[PDB]
Amino acid sequence: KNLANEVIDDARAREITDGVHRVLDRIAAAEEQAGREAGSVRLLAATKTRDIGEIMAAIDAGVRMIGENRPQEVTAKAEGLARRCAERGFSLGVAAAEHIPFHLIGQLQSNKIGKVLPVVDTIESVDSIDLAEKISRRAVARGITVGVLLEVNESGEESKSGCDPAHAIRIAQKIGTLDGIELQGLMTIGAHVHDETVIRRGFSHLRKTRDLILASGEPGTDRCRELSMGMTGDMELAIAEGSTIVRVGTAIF
């Protein structure tokens, strides 16, 4: 599939538009149920495997934040996406134009960091002090600061991605001391299970962890405010537990 394709047919554009609208309505309904103020939750469209035409249909329908999984897709679509967003009056990733964050939400192989620093403003998949240091070295050398979210494993399965939940605070504080990076919150893929008590426990843990990091007042931790959690199948629960960013793919595309 040519991800650089910029034009889709009318029916496809309608599907994506309705998808975005349905998701936005679900987010609003979820905020209402959880007694949270409107706008508390931001929608990030997970754009993996979608082409430029598809992604822009989503942005035109109301999406104001996107996240790619693979650096190769970032490189393939970055130029066209930036141009299309600019024409629509938006700035994308990295004067009164609204800014649309461009995040990397998939795992980042070390030798691919340089591929995403010129485009993404936030790397949501930082799962270790080691990775954070590698990103720091490269950001400093480039003369920039990139946002990062500490990815925590809330699946209960050691084999999954993300840092050890018990070590999250310690790792976050260390990340806060690194130059070239700005800790903007936490992220989790959650648990791919049908047990809502397990799902809720993980989101709750992420929220509490976020709260403790902010409370620490340690260097570079005052902006650790986001909670990127919840996707198509569990966004209602994520929002009930405090999510500030939901990552949606299927419900949209």
# chains A, B, ... in the order shown; residues from 1 in each chain; ligands from 1
$ residues_around --residues "residue 210 in chain A" --least-positions-apart "5" --cutoff "7 Å" --atoms "only C-alpha atoms" --output "list in words"
residues 185, 186, 224 and 225 of chain A
$ select_by_dssp --residues "range 4-36 of chain A" --states "helix (DSSP H, G or I)" --output "number ranges by chain"
A: 10-33
$ write_last_selection --atoms "C-alpha atoms" --output "compact mmCIF listing (two decimals), in the first residue's frame"
# COMPACT_ATOMS: atom_id res chain seq x y z
CA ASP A 10 -16.04 9.86 -1.44
CA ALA A 11 -17.37 6.76 0.31
CA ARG A 12 -14.09 6.25 2.18
CA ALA A 13 -14.00 9.90 3.23
CA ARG A 14 -17.54 9.50 4.58
CA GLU A 15 -16.63 6.36 6.55
CA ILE A 16 -13.70 8.11 8.22
CA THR A 17 -15.72 11.25 8.91
CA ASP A 18 -18.49 9.26 10.59
CA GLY A 19 -15.87 7.27 12.46
CA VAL A 20 -14.30 10.41 13.91
CA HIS A 21 -17.69 11.86 14.80
CA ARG A 22 -18.82 8.65 16.53
CA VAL A 23 -15.59 8.53 18.53
CA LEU A 24 -15.84 12.20 19.51
CA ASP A 25 -19.40 11.56 20.69
CA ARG A 26 -18.23 8.51 22.67
CA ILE A 27 -15.52 10.60 24.30
CA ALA A 28 -18.06 13.27 25.24
CA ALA A 29 -20.46 10.63 26.59
CA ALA A 30 -17.63 9.04 28.59
CA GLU A 31 -16.59 12.36 30.11
CA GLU A 32 -20.22 13.02 31.10
CA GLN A 33 -20.55 9.60 32.74
$ closest_atom_pairs --of "range 112-184 of chain A" --to "range 87-106 of chain A" --cutoff "7 Å" --atoms "only C-alpha atoms" --output "CSV"
residue,atom,partner,partner_atom,distance
A:118,CA,A:94,CA,6.5
A:119,CA,A:94,CA,5.1
A:120,CA,A:102,CA,5.0
A:121,CA,A:93,CA,5.1
A:122,CA,A:103,CA,4.9
A:123,CA,A:104,CA,4.9
A:124,CA,A:105,CA,5.0
A:125,CA,A:105,CA,5.6
$ residues_around --residues "residue 168 in chain A" --least-positions-apart "3" --cutoff "12 Å" --atoms "only C-alpha atoms" --output "ChimeraX atom specification"
/A:126-129,149-154,162-165,171-175,185-188,205-213
$ write_last_selection --atoms "N, CA and C atoms" --output "mmCIF file, in the first residue's frame"
data_model
loop_
_atom_site.group_PDB
_atom_site.id
_atom_site.type_symbol
_atom_site.label_atom_id
_atom_site.label_comp_id
_atom_site.auth_asym_id
_atom_site.auth_seq_id
_atom_site.Cartn_x
_atom_site.Cartn_y
_atom_site.Cartn_z
ATOM 1 N N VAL A 126 8.641 5.678 25.464
ATOM 2 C CA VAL A 126 9.900 5.582 26.198
ATOM 3 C C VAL A 126 9.664 4.657 27.393
ATOM 4 N N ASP A 127 10.234 3.456 27.323
ATOM 5 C CA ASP A 127 10.036 2.451 28.359
ATOM 6 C C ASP A 127 11.228 2.176 29.270
ATOM 7 N N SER A 128 12.279 2.979 29.161
ATOM 8 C CA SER A 128 13.452 2.761 29.996
ATOM 9 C C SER A 128 14.359 3.979 30.110
ATOM 10 N N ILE A 129 15.155 4.003 31.173
ATOM 11 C CA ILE A 129 16.097 5.089 31.382
ATOM 12 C C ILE A 129 17.088 5.024 30.228
ATOM 13 N N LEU A 149 6.778 10.460 26.830
ATOM 14 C CA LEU A 149 5.850 9.927 27.814
ATOM 15 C C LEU A 149 6.528 8.649 28.276
ATOM 16 N N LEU A 150 6.476 8.379 29.573
ATOM 17 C CA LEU A 150 7.063 7.156 30.101
ATOM 18 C C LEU A 150 6.014 6.073 29.907
ATOM 19 N N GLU A 151 6.370 5.062 29.123
ATOM 20 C CA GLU A 151 5.476 3.952 28.828
ATOM 21 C C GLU A 151 5.602 2.924 29.937
ATOM 22 N N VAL A 152 4.489 2.631 30.601
ATOM 23 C CA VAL A 152 4.489 1.674 31.696
ATOM 24 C C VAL A 152 3.711 0.419 31.329
ATOM 25 N N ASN A 153 4.231 -0.730 31.745
ATOM 26 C CA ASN A 153 3.580 -2.006 31.473
ATOM 27 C C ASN A 153 2.526 -2.231 32.552
ATOM 28 N N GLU A 154 1.256 -2.139 32.169
ATOM 29 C CA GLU A 154 0.148 -2.336 33.104
ATOM 30 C C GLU A 154 -0.630 -3.603 32.749
ATOM 31 N N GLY A 162 6.844 -1.664 27.909
ATOM 32 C CA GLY A 162 6.638 -0.752 29.021
ATOM 33 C C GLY A 162 7.529 -1.082 30.203
ATOM 34 N N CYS A 163 7.776 -0.101 31.066
ATOM 35 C CA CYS A 163 8.630 -0.336 32.227
ATOM 36 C C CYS A 163 7.905 -1.079 33.352
ATOM 37 N N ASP A 164 8.685 -1.631 34.276
ATOM 38 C CA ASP A 164 8.137 -2.341 35.428
ATOM 39 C C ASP A 164 7.297 -1.304 36.161
ATOM 40 N N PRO A 165 6.015 -1.605 36.418
ATOM 41 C CA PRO A 165 5.166 -0.636 37.116
ATOM 42 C C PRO A 165 5.707 -0.109 38.446
ATOM 43 N N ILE A 171 12.194 5.762 37.416
ATOM 44 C CA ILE A 171 12.581 5.992 36.027
ATOM 45 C C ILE A 171 12.174 7.388 35.569
ATOM 46 N N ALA A 172 10.969 7.800 35.944
ATOM 47 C CA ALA A 172 10.455 9.113 35.576
ATOM 48 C C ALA A 172 11.349 10.225 36.108
ATOM 49 N N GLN A 173 11.752 10.098 37.366
ATOM 50 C CA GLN A 173 12.599 11.103 37.982
ATOM 51 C C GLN A 173 13.952 11.196 37.286
ATOM 52 N N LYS A 174 14.505 10.054 36.886
ATOM 53 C CA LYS A 174 15.787 10.054 36.186
ATOM 54 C C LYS A 174 15.618 10.735 34.829
ATOM 55 N N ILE A 175 14.527 10.413 34.138
ATOM 56 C CA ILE A 175 14.249 11.013 32.835
ATOM 57 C C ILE A 175 14.147 12.531 32.983
ATOM 58 N N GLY A 185 4.193 13.160 30.639
ATOM 59 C CA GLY A 185 3.193 12.264 31.189
ATOM 60 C C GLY A 185 3.556 10.796 31.046
ATOM 61 N N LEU A 186 2.562 9.932 31.228
ATOM 62 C CA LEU A 186 2.745 8.487 31.132
ATOM 63 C C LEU A 186 1.843 7.900 30.044
ATOM 64 N N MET A 187 2.170 6.690 29.601
ATOM 65 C CA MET A 187 1.398 6.010 28.566
ATOM 66 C C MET A 187 1.363 4.519 28.861
ATOM 67 N N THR A 188 0.291 3.855 28.454
ATOM 68 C CA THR A 188 0.226 2.410 28.619
ATOM 69 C C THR A 188 -0.661 1.799 27.551
ATOM 70 N N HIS A 205 -3.650 2.562 38.187
ATOM 71 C CA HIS A 205 -2.261 2.561 38.612
ATOM 72 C C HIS A 205 -1.479 3.639 37.873
ATOM 73 N N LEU A 206 -1.729 3.780 36.573
ATOM 74 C CA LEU A 206 -1.029 4.793 35.788
ATOM 75 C C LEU A 206 -1.362 6.194 36.298
ATOM 76 N N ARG A 207 -2.636 6.438 36.593
ATOM 77 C CA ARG A 207 -3.051 7.746 37.091
ATOM 78 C C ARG A 207 -2.379 8.071 38.427
ATOM 79 N N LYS A 208 -2.386 7.114 39.349
ATOM 80 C CA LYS A 208 -1.770 7.331 40.657
ATOM 81 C C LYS A 208 -0.275 7.585 40.521
ATOM 82 N N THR A 209 0.364 6.842 39.624
ATOM 83 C CA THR A 209 1.794 6.997 39.390
ATOM 84 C C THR A 209 2.064 8.407 38.874
ATOM 85 N N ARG A 210 1.242 8.852 37.930
ATOM 86 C CA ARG A 210 1.359 10.192 37.368
ATOM 87 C C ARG A 210 1.243 11.216 38.506
ATOM 88 N N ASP A 211 0.263 11.019 39.384
ATOM 89 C CA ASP A 211 0.068 11.945 40.496
ATOM 90 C C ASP A 211 1.282 12.030 41.415
ATOM 91 N N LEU A 212 1.884 10.883 41.721
ATOM 92 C CA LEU A 212 3.054 10.856 42.592
ATOM 93 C C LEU A 212 4.241 11.566 41.946
ATOM 94 N N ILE A 213 4.442 11.351 40.649
ATOM 95 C CA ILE A 213 5.552 12.005 39.959
ATOM 96 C C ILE A 213 5.404 13.526 40.018
#
$ atom_distance --atom1 "CA of residue 199 in chain A" --atom2 "CA of residue 244 in chain A"
16.4 Å
$ select_by_dssp --residues "range 67-187 of chain A" --states "strand (DSSP E or B)" --output "ChimeraX atom specification"
/A:67-68,90-92,98-100,102-104,122-126,146-152,163,181-187
$ atom_distance --atom1 "CA of residue 221 in chain A" --atom2 "CA of residue 135 in chain A"
17.2 Å
$ closest_residue --among "A:4, A:82, A:46, A:229" --to "residue 243 in chain A" --atoms "only C-alpha atoms"
A:229
$ closest_residue --among "A:190, A:51, A:183, A:136" --to "residue 230 in chain A" --atoms "only C-alpha atoms"
A:190
$ closest_residue --among "A:40, A:116, A:111, A:53" --to "residue 75 in chain A" --atoms "only C-alpha atoms"
A:116
$ decode --residues "range 60-77 of chain A" --atoms "N, CA and C atoms" --output "tab-separated table (two decimals), in the first residue's frame"
chain	number	residue	atom	x	y	z
A	60	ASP	N	-9.67	16.55	8.99
A	60	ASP	CA	-10.72	17.44	8.52
A	60	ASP	C	-12.02	17.20	9.28
A	61	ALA	N	-12.20	15.99	9.80
A	61	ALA	CA	-13.41	15.64	10.54
A	61	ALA	C	-13.36	16.04	12.00
A	62	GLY	N	-12.22	16.53	12.47
A	62	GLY	CA	-12.12	16.95	13.85
A	62	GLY	C	-10.90	16.49	14.64
A	63	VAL	N	-10.13	15.56	14.08
A	63	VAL	CA	-8.94	15.07	14.77
A	63	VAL	C	-7.87	16.16	14.83
A	64	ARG	N	-7.27	16.35	16.01
A	64	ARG	CA	-6.25	17.37	16.18
A	64	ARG	C	-4.96	16.82	16.78
A	65	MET	N	-4.76	15.52	16.66
A	65	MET	CA	-3.56	14.88	17.14
A	65	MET	C	-3.43	13.51	16.49
A	66	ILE	N	-2.23	13.16	16.03
A	66	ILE	CA	-2.04	11.85	15.41
A	66	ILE	C	-0.82	11.16	15.98
A	67	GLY	N	-0.81	9.84	15.87
A	67	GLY	CA	0.31	9.07	16.37
A	67	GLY	C	0.56	7.89	15.45
A	68	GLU	N	1.81	7.74	15.02
A	68	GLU	CA	2.21	6.64	14.15
A	68	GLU	C	2.92	5.60	15.00
A	69	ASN	N	2.85	4.34	14.57
A	69	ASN	CA	3.51	3.26	15.30
A	69	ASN	C	4.95	3.04	14.85
A	70	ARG	N	5.17	3.03	13.54
A	70	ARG	CA	6.49	2.77	13.00
A	70	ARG	C	7.21	3.98	12.42
A	71	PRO	N	8.51	4.14	12.75
A	71	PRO	CA	9.29	5.26	12.24
A	71	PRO	C	9.29	5.31	10.71
A	72	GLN	N	9.24	4.15	10.07
A	72	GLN	CA	9.25	4.09	8.61
A	72	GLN	C	8.01	4.75	8.03
A	73	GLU	N	6.89	4.64	8.74
A	73	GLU	CA	5.66	5.26	8.27
A	73	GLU	C	5.73	6.76	8.54
A	74	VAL	N	6.43	7.14	9.60
A	74	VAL	CA	6.59	8.55	9.91
A	74	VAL	C	7.35	9.19	8.75
A	75	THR	N	8.46	8.58	8.36
A	75	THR	CA	9.27	9.11	7.28
A	75	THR	C	8.53	9.12	5.94
A	76	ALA	N	7.73	8.10	5.69
A	76	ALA	CA	7.00	8.02	4.43
A	76	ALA	C	5.89	9.08	4.28
A	77	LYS	N	5.24	9.42	5.39
A	77	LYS	CA	4.11	10.36	5.35
A	77	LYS	C	4.35	11.78	5.86
